[PDB]
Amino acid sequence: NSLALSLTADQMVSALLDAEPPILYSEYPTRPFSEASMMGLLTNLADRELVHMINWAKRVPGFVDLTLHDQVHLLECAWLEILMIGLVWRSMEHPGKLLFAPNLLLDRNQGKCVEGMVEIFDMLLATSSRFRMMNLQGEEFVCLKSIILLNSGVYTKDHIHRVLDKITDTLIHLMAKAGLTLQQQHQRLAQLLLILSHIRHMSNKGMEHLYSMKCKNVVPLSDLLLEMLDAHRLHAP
């Protein structure tokens, strides 16, 4: 039996808020306006965030109950989705900008510095705007991020699905606590979960660029980042 299923709704929320990684800073010639400087800052940042993400995942209730192999698979599948939802979340209060770090706020004009990137920047901005207009709460955000981790590679069993149901229970618990009627609760649950399809889409589309040879060649990538990319390229044509 997994401890996770025995947690109460409030306990699940507290566990997830406690597990939150910190918001990292970029390196401090700032304002990147070249393919190289942009890739340099973003890959450096992503690499550091990955270490925090791995340690965060271990603290997501139920993740620890998976085999090491299963844990590797979920993280390989979800890592870019998880970076992306984080980015969209912390960009909420900065309409029209993406807050990559407190000291790295980019607009779409900088998205053009790397070929293929501006389309994704635009999707991320749209997603941040959608979160802002839904008034997404931190409690809901951490539930969604945990659902991404558990859901994005589950289709290779019962355990992950029982945990996912518990997170669902936890989201509704949050909405009912916020005073939403039953109709509003199910409408909001659906609204949030449909955004996850968009986050998957953005990851698939960004990943396809990131594991291309051109994108791999811009700057030397860390061994860890290359391994996380290769996990997806494995299946590419």
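Rigid core: the largest C-alpha set superposing within 1.5 Å between the two forms. When you see a residue number, it is the position in the sequence shown, counting from 1.
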item	value
More shifted region, core-based fit in 8 other deposited structures of this protein, 41 to 49 vs 206 to 214 by CA	206 to 214
In 8 other deposited structures of this protein, rigid core aligned: more displaced of 110 to 118 and 135 to 143 by C-alpha RMS	110 to 118
Missing-residue flag, residue 156, threshold a third of other entries	yes
Unmodelled residue 29 in at least one third of other entries with both flanks present	yes
Residue 156 to residue 157: deposited residues without atomic coordinates	10 or more
Average Cα temperature factor in the PDB entry - higher stretch of 64 to 72, 49 to 57	64 to 72
Stretch exceeding the other in mean C-alpha B-factor - 129 to 137, 79 to 87	129 to 137
C-alpha B-factor winner, where the candidates are 23, 225, 218, 17	218
Modelled-residue ranking by C-alpha temperature factor, third containing residue 145	lowest
Third of the chain's Cα B-factor distribution that residue 192 belongs to, per the entry	lowest
Relative C-alpha B-factor of residue 205, binned into the chain's lowest, middle or highest third	lowest
Chain-wide C-alpha B factor ranking for residue 124, given as lowest, middle or highest third	lowest
B-factor third for the C-alpha atom of residue 30 within its chain	highest
